[PDB]
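# Structural overview for review
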Amino acid sequence: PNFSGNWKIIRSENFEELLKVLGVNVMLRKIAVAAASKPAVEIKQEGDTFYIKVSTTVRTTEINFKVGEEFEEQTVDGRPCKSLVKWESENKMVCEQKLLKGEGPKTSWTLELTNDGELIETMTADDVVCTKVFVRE
Ligand SMILES: CC1=C(/C=C/C(C)=C/C=C/C(C)=C/C(=O)O)C(C)(C)CCC1
């Protein structure tokens with residue numbers, strides 16, 4: 001699969017509820033939700049090696065990983081974690097996260113290239129899922 005692109009959002013669902021599970025208080029959630037409405041996602045892929053940059057007005061992240069090799073990043077609410085991405089299937093990667101310290105909801109994220117040329121991202125916290133869809137600019 002070729003995840004590479006400058007991806008523009010066309011749909012966002014359930015981010016506020018994700019943040020509620022993660023315990024983000026009401027006024028911070030309001031800020032986060034507004035900014036996360038227009039995120040820019042840049043992906044560069046070379047085989048099973050990836051770079052992903054996510055940009056919003058209130059948070060920008062960059063990660064580098066190889067599928068099947070543990071790495072460190074943060075949860076969406078900003079807690080450090082150890083992560084491991086696996087191919088769930090040919091066009092879909094799944095990242096399991098384990099907190100470095102403390103206890104919290106079980107979190108993960110996924111990226112899938114859909115047959116229409118678009119990209120589905122999910123983020124999960126326990127049972128609750130946020131779904132975003134993108135198309136290249
Ligand atoms: C949660 C949260 C915040 C905002 C986070 C945002 C805006 C995340 C966007 C993530 C995306 C957009 C990820 C992706 O799609 O890969 C701020 C900074 C207010 C601090 C309080 C907790």
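Residues numbered from 1 in each chain as written, not as in the entry; some residues may be left out. Heavy atoms only, no water. Residues with missing side-chain atoms left out of burial classes, pairs and counts.

This entry, as listed in the PDB, derives from X-ray crystallography and reports a resolution of 1.60 Å.

## Remarks on the site of the ligand
Surveying the vicinity of the ligand reveals 14 residues, the closest of which are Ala 32, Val 54, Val 58, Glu 121 and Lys 132. In this structure, an oxygen atom belonging to the ligand sits 2.6 Å away from a side-chain N or O atom of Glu 121. Between the ligand and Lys 132 there is a distance of 2.5 Å, counted from an oxygen atom to a side-chain nitrogen or oxygen. Within the complex, the protein chains bury 86% of what would otherwise be the 560 Å² of accessible surface of the ligand. No other element matches helix 2 (residues 26-35), which puts three residues into the shell around the ligand. Here the residues of the shell around the ligand are counted per class, giving 10 nonpolar, one polar and three charged. (Near = heavy atom within 4 Å. Polar contact = N/O pair within 3.5 Å; in protein donor to acceptor, adjacent residues only side chain to side chain. Areas by Shrake-Rupley, 256 points an atom, 1.4 Å probe, with all protein chains shown as cover. Helix = DSSP H or I, 4+ residues; strand = E, 2+ residues; numbered from the N terminus. Nonpolar A, V, L, I, M, F, W, Y, C, P; charged D, E, K, R; others polar.)

## Remarks on the pairing of strand 2 (residues 40-46)
Alternating residues of strand 2 divide into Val 41, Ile 43 and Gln 45, all buried, and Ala 40, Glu 42, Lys 44 and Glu 46, none buried. Between strand 2 and strand 3 (residues 49-55), which pair antiparallel one after the other, the connecting turn spans two residues, and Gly 47 there sits at a positive phi close to 60°. (Buried < 20%, exposed > 50% of the residue type's maximum accessible area, 1.4 Å probe, protein only. Pairing = 2+ DSSP bridges.)

## Brief notes about the pairing of strand 5 (residues 71-74)
Two faces make up the sheet, and in a regular strand the side chains alternate between them. Because side chains alternate across strand 5, one face comprises the buried residues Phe 71 and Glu 73, and the other comprises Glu 72 and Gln 74, none of which is buried. Sheet analysis places strand 5 next to strand 6 (residues 80-89), joined by four bridges and oriented antiparallel. Paired with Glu 73 across the strands is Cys 81, a residue of strand 6. Between the antiparallel neighbours strand 5 and strand 6 lie five residues, among them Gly 78 with a positive phi of about 85°.

## Comments concerning the environment of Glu 88
One can find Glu 88 in strand 6. Along the backbone, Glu 88 and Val 21 are 67 residues apart, and their C-alpha atoms lie at a distance of 25 Å. Those residues in contact with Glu 88 that sit more than four places away from it in its chain are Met 93 and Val 94. (Contact = heavy atoms within 4.5 Å.)

## Considering the sheet that holds strand 8 (residues 107-113)
Taken in spatial order, the 10 strands line up as 4-3-2-1-10-9-8-7-6-5 in an open sheet, and their pairing is antiparallel. Of all the strands in the sheet, just strand 4 (60-66) and strand 5 have a single pairing partner and so form its edges. Averaged over all neighbouring strand pairs, the angle between strand axes comes to 25°, with direction disregarded. In this sheet, strand 10 (residues 128-136) lies alongside strand 9 (residues 119-125) in antiparallel orientation, the contact comprising seven bridges. Bridge pairing links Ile 120 to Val 133 in strand 10. (Axes fitted to C-alpha atoms, helices over the stretch in contact; angles between N-to-C directions.)

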